[PDB]
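Heads up: the structure comes next, in structure tokens.
Nothing in this text is a laboratory measurement; each read-out follows from the coordinates by a stated rule. Cβ coordinates were reconstructed from backbone atoms using ideal geometry, including for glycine residues, and neighbour counts include every protein chain displayed.
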Amino acid sequence: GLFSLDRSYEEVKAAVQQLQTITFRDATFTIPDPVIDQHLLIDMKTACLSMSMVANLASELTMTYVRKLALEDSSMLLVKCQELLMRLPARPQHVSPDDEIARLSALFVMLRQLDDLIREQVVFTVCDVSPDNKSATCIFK
Amino acid sequence: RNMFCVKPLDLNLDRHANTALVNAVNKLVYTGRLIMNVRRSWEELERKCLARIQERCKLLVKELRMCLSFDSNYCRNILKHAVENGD
């Protein structure tokens, strides 16, 4: 949905061949007919609003922790998460505990308001499956 | 030495390498040192001037009083007023 905006139709046709292939738990799956919808517009609007809000409420230390770790530490996951970021010992300008815990609580609220889009609901909690993977037992109905 | 010319923040005391609270309180204590310096210099100059005009008044009212005359009476009656204040 976020890639459907301001893109050519063949760009979407070159994106669906990348995004339809899901190989979760050694079993392939395909996404049928990814089209535009007004509900999808609602999800995109709340996604962009929540992204703007968490971009605004991000403090400088949260914004600079990746560079502060990448200047000294070195790992494979740090490299794999650094290459998707952009290019551009100092003391922090102003820190405060009580302001930043409020910032982190509101930021957790905004990440929750982003998280609820992809997380639908829990409706089954499995305890024991059948060993032929054809049945299970569950709670929380 | 010269309490009349004001020289605020001549060289850079704002230093990013320290805490901004320490830098702000260092500029504050520079301003406090300046105001207490000009206060002390002003008060010491005026009490030096007032002390010497006081003793000039005492020596004059000593020396004019030996000869009784109307002129000495009038200049004494001018000189009766106090000299403890600028007014």
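Observations, loosely collected:
- When segment A:67-106 is limited to residues that are surrounded by fewer than 10 Cβ atoms within 10 Å (Cβ to Cβ) and charged (D, E, K, R), the one that is farthest from the other protein chains (Cβ to nearest Cβ) turns out to be A:80.
- Residues in segment B:25-79 that are under 30 Å from residue B:13 (Cα atoms), surrounded by 12 or more Cβ atoms within 10 Å (Cβ to Cβ) and charged (D, E, K, R): B:27 only.
- Members of segment A:1-21 that are more than 19 Å from residue A:44 (Cβ to Cβ) and loosely packed, with under 11 Cβ neighbours inside 10 Å: A:10, A:13, A:17, A:18
- Residue A:64 vs. criteria closer than 23 Å to residue B:17 by Cβ, more than 14 Å from chain B (Cβ to nearest Cβ) and either among the β-branched types (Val, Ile, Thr) or in contact with a strand residue (DSSP E or B) (Cβ under 8 Å, 6 or more places away or on another chain) (or both): yes
- Residues that are within 14 Å of chain A (Cβ to nearest Cβ), surrounded by 10 or more Cβ atoms within 10 Å (Cβ to Cβ) and among the hydrophobic types (A, V, I, L, M, F, W, C), drawn from segment B:1-21: B:20
- Across segment A:5-53, the number of residues qualifying as among the aromatic types (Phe, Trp, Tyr) and out of contact with any strand residue (DSSP E or B) (no Cβ under 9 Å at 6 or more places or on another chain) comes to 2.
- Residue A:46 vs. criteria of a type in the set (S, T, N, Q), more than 30 Å from residue A:16 (Cβ to Cβ), surrounded by 10 or more Cβ atoms within 10 Å (Cβ to Cβ) and under 22 Å from the mean Cα position of the chain (by Cα): no
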